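What follows is a single structure, written as structure tokens, with notes after it.
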Amino acid sequence: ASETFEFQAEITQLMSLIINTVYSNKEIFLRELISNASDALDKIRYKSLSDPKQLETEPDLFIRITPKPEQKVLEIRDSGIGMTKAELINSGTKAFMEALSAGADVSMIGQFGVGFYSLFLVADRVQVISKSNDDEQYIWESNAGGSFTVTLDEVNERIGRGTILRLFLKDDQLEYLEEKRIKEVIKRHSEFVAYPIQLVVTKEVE
Ligand SMILES: CC(C)NCCCn1c(Sc2cc3c(cc2Br)OCO3)nc2c(N)ncnc21
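For the sequence shown, the positions run 2 to 91, 99 to 214 when full-length UniProt numbering is used.
Now the structure itself:
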């Protein structure tokens, strides 16, 4: 039983714009999601200052990137604060689009507070799987269209705490499934992240 919701008008506009743009430096999406992951980790860590038990659901603070080639999927996981069903369901958007019209580089998206949407530069569908200490695990899904769904999660691996951004990459952006490519993008735009960034690589035994 999934629930469907309509996106705020400006958001639907932003997604269409991003998923269709021919912008050339699409790799910036990884910088933005890692940044958001880092932000969520900061949150749970700061919250744990006066409520240590909050960390018990998942003691390790990390950002993990897992390419799943067979499915043409790239996952960006963090053991941050997570999001409840209400948070997933419920700006900076309009001002950013106006900046874009004037010539601003798409890479400024994060400074406008909407960097999450840069994922549509390399993917045409996304599932945000999240588990907040305050709610059950839920799945938020969008295909850049005007509506998104939120479903109680009974199909994905249990997240102790945190969020998984599961990107369904576009057929021409499959390079982001490659370990070599992924590393260089990370090393290039995320040198000062306080959390370990783990890359999960699958290698056939010799
Ligand atoms: C204070 C509040 C306005 N910040 C919201 C940040 C939402 N968010 C984001 S950005 C985001 C996430 C969404 C979303 C919109 C955004 Br923007 O709808 C689908 O889930 N990434 C997060 C993450 N990795 N962990 C926890 N929260 C995350």
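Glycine is no exception: its CB is placed at the ideal position from the N, C-alpha and C atoms.
Looking at residue i and ligand 1, is the gap between the Cβ and the nearest heavy atom below 6 angstroms?
i: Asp143; result: no
i: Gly81; result: yes
i: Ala41; result: yes
i: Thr157; result: no
i: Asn37; result: yes
Taking DSSP as the reference, what is the three-state secondary structure of residue i?
i: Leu50; result: coil
i: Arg189; result: helix
i: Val114; result: helix
i: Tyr125; result: helix
i: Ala152; result: coil
i: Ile82; result: coil
i: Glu11; result: helix
i: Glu214; result: coil
Would a C-beta distance cut-off of 7 angstroms place residue i and residue j closer than the cut-off?
i: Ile77; j: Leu207; result: no
i: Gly118; j: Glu33; result: yes
i: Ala107; j: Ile20; result: no
Going by DSSP, what residues sit across from residue i in a beta bridge?
i: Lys69; result: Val74
i: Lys139; result: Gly170
i: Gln206; result: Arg65
i: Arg133; result: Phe176
Check the C-beta distance from residue i over to residue j and give it rounded, since I have them as a contact under 8 angstroms.
i: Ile64; j: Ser39; result: 7 angstroms
i: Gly100; j: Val122; result: 5 angstroms
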